[PDB]
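Asker: This block holds the first chain(s) of the complex, placed as they are in the complex; more will follow:
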Amino acid sequence: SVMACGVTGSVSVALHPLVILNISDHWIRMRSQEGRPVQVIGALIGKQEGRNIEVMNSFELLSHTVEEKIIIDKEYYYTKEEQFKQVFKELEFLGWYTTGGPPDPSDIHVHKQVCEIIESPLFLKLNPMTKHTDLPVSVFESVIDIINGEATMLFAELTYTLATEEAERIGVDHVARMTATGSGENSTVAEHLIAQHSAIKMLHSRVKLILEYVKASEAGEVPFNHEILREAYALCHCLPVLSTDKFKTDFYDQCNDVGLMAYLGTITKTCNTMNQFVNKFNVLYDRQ
Amino acid sequence: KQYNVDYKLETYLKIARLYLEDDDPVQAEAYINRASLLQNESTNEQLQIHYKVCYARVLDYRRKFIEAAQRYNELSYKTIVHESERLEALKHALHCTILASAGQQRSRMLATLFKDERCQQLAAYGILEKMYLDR
Amino acid sequence: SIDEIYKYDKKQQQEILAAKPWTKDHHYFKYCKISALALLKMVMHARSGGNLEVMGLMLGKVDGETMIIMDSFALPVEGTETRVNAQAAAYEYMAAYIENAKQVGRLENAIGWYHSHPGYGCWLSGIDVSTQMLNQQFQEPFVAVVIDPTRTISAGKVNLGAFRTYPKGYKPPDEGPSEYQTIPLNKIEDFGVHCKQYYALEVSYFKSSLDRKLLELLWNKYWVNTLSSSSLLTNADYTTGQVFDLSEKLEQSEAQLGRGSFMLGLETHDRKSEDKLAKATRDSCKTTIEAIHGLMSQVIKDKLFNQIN
């Protein structure tokens, strides 16, 4: 077993969408080049402030399989290290990433070589063949444990977060707006209401968890979890919200405005269809 | 007789300080100027620090409480300034911030002054604490 | 097949580069398809900049009348927007970057250059035009991409343009819709001038697995409050501009039709008028679907939250 049991995260890891973007692109191209989903290996860079680690960017590494062992071209990694120096100074190496499922007895070999380079590398593994609705990205750290009298390096899962800036947020929001359309338009409202469906599902799952906790407290658990059940009941008392004449008036105002806009759009489509029909009819029987 | 830039700075600084203690600084405005006019020529950091303290004092006196608080706050995070003087300069920054015109700039300074732990040591620590926390 | 576009066919690219069909037509390249990755990287770099122009190189390929951008990378250069062919200062760097990229399986070569116009729209200035002209003198198939990171944020819609220059002396044909941009006083003067000067490439893009990963992750959390109001279209600048352009287009169509009623036997005029009317109708329609989807999301969510029980 390469996974440590009972070991909690010692540092906080912040991940950016660009890192996941690099991993996905690396896996796709290698799959396209060599058929099956060939495992990819790259490196992680970013800023580290004490125990707070922020992974802002990531890049690829050259590796070779010799004696059924993955040998990372650290010389290429070092050649690429000064290459990224020429563009960015504030970004420092933080760890390496790969693709696959559970850790295999080859990633430990990769990690020990990366641990040789720097003081403390971070290990990230992405699962491109996942089927659940959760993020198939996990961050692991290096821990030394005495197993059967021998010091064996293990991986401890880290409770990383997803940190992003206003820029990236707006950018990917409009990337989703652009995916809402396309050359091969299958459906648009389908994707829209599927997105709302996923959001409502997340909220419903939260409500189910709260209700289950309340029922358990009624049965066992803590009879009163203090501020938690207090705030839960208060929020359930704010569920009605209560609108005023002005809010309903403004809601109906916006609805009427955009409905009039929709009516105008339907009129435009209908008049275009009428123009096409008239153009065809003027050729069907009419002259001049 | 080319008085070394420090000497002209020292003389003009002394006139401004003398006028500040007498409070007729219509001329000390013109004297903190001619101190400033040749200020960006001098070398002595301590003289520069002594200038910025006097310049911040001039801002505090006229109407520039918001600007003096900015200058005092900039001088607060120094090292060659005595710790007692650093606390005094920050205390001057806190008093000027409270007395300045209540606006966006003053609100930001109140937020900035709610970071120093030596602000907490001051007696007016409560005053801005109620202030910035909207009381 | 969503991932078909990611397949690189080197011999096919060599065949296209030997054929040079763009020499037969200065309007040959009409479409610009951009991957998610490239666009995201570019936007991020430009916004880190903030109010200063940055630039970089785009890696990709060609496919018929379509230019395809697969990836991009920043260039460590000074004088973007002031120096003609500023990219030239990074020549050595570009050679090494690409060499190292080839070592890790990046097979696509240089397809263009991108740079930012923070808060002044997306167009080609006299300098940009000189640079892209030189970039189309030695590397004819080159696309210039311009991004406004500031307007992207303020408008809530990606502000990007793809452009190609005309050779010295060559005049554009009758068509040129030219969407108006709110560039500053003198910047807009020069903008009208260079919109008359170059030609834009229809932004096409492609939904892929890169896009699938992004849309899914950001919507889950950055949109825990899937609210974000619901109408970033409330700003009467984009929809209103489209409405005004629609009105101008249909007014010109009517003006053409009125004069065309006197000439008996002009089929081309009828064809052009019908096509213009159809294009205007589709533009208005797509605006209508956008508004309707916005209102639908708004209605469902606000009804649920305000009056669930």
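Answerer: Received it, and whenever you're ready, just let me know what you need. Residues are numbered from 1 along each chain as shown, chains lettered A, B, ... in the order given.
Asker: tell me the helices in the chain, going along the chain?
Answerer: Looking at chain A here, since you left the chain open. Applying DSSP state H to chain A gives helices spanning A:17-33, A:74-85, A:107-117, A:166-179, A:189-219, A:227-237, A:245-284.
Asker: switch to chain C, that's the one I care about
Answerer: Secondary structure of chain C (DSSP H): helices located at C:10-19, C:36-49, C:91-103, C:126-135, C:149-155, C:185-197, C:209-221, C:238-260, C:267-306.
Asker: Next, the angle helix A:189-219 makes with the longest one.
Answerer: On the basis of axes from the mean of the first three to the mean of the last three Cα atoms, to 10 degrees, helix C:267-306 is oriented at 10 degrees to helix A:189-219.
Asker: What is helix C:267-306 packed up against?
Answerer: helix A:189-219, helix A:245-284, helix C:238-260 (3 or more Cβ pairs under 8 Å, 6 or more residues apart in numbering or on different chains; DSSP states H and E). C-beta: built from backbone N, CA, C; applies to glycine.
Asker: ok, residue 103 - how many residues close by?
Answerer: By default, I'm working from chain A. Per other Cβ atoms under 10 Å in any protein chain shown, the neighbour tally for residue A:103 reads 19.
Asker: hmm, I had chain B in mind actually
Answerer: The number of residues packed near residue B:103 is 10, by other Cβ under 10 Å.
Asker: same thing with residue C:286?
Answerer: As a burial measure, residue C:286 scores 14 neighbours (other Cβ under 10 Å).
Asker: And stretch B:14-27, what's buried?
Answerer: Neighbour-count burial for stretch B:14-27, counted by 16 or more other Cβ atoms under 10 Å in any protein chain shown, picks out B:15, B:16, B:17, B:19, B:20, B:25.
Asker: Quick check, residue A:17 in contact with residue C:40.
Answerer: Yes - when contacts are counted by Cβ atoms under 8 Å, residue A:17 is listed as touching residue C:40 (7.2 Å).
Asker: here's chain D, drop it on:
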Amino acid sequence: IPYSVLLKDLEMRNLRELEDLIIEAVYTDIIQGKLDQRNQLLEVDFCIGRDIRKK
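Answerer: So, slotting chain D in with the rest:
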């Protein structure tokens, strides 16, 4: 909350002390909201919860 309800449920006679009590509660981080004096209304955006008798 209209000012009429505030003067009734709390034995509030002088409206001046009513404002003093309202601002005192807000500044002690009890209730977050806005006061409308032209319409004599108290618009509360957020407030703390209360206890439960297990019923």
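Asker: Can you name the residue of chain D nearest chain A?
Answerer: residue D:49 (2.8 Å; Cβ to the nearest Cβ).
Asker: So what's the residue count around the closest residue to that residue other than its chain neighbours?
Answerer: Excluding the flanking residues, the one nearest residue D:49 by Cβ to Cβ, 6 or more residues apart in numbering or on different chains is residue A:234, at 2.8 Å. The burial metric for residue A:234, expressed as a neighbour count using other Cβ under 10 Å, is 16.
Asker: likewise the one 3 residues further on?
Answerer: Other residues near residue A:237 number 10, with proximity taken as other Cβ under 10 Å.
Asker: any idea how far residue D:23 is from the residue lying closest to it once chain neighbours are set aside?
Answerer: Closest residue to residue A:237 apart from its sequence neighbours, by Cβ to Cβ, 6+ apart: residue D:49 at 7.4 Å. Between residue D:49 and residue D:23 the computed distance is 21 Å (Cβ to Cβ, to the nearest Å).
Asker: Could you do residue A:262 as well?
Answerer: Taking Cβ to Cβ as the measure, residue A:262 falls 47 Å from residue D:23.
Asker: Contact residues of chain B facing chain D?
Answerer: B:133, B:134, B:135 (Cβ under 8 Å from any Cβ of the partner chain).
Asker: OK, contacts around the residue most central in space within chain C?
Answerer: With distances taken as Cα atoms, centre = their mean, the residue of chain C nearest its centroid is residue C:161 (3.1 Å). Residues near residue C:161 by Cβ atoms under 8 Å, 6 or more residues apart in numbering or on different chains: C:122, C:123, C:145, C:146, C:147, C:200, C:203.
Asker: Tell me which helix or strand the residue in chain D that chain C sits nearest to sits in.
Answerer: Per Cβ to the nearest Cβ, residue D:45 is where chain D lies closest to chain C, at 15.0 Å. Using DSSP states H and E, residue D:45 maps to strand D:41-47.
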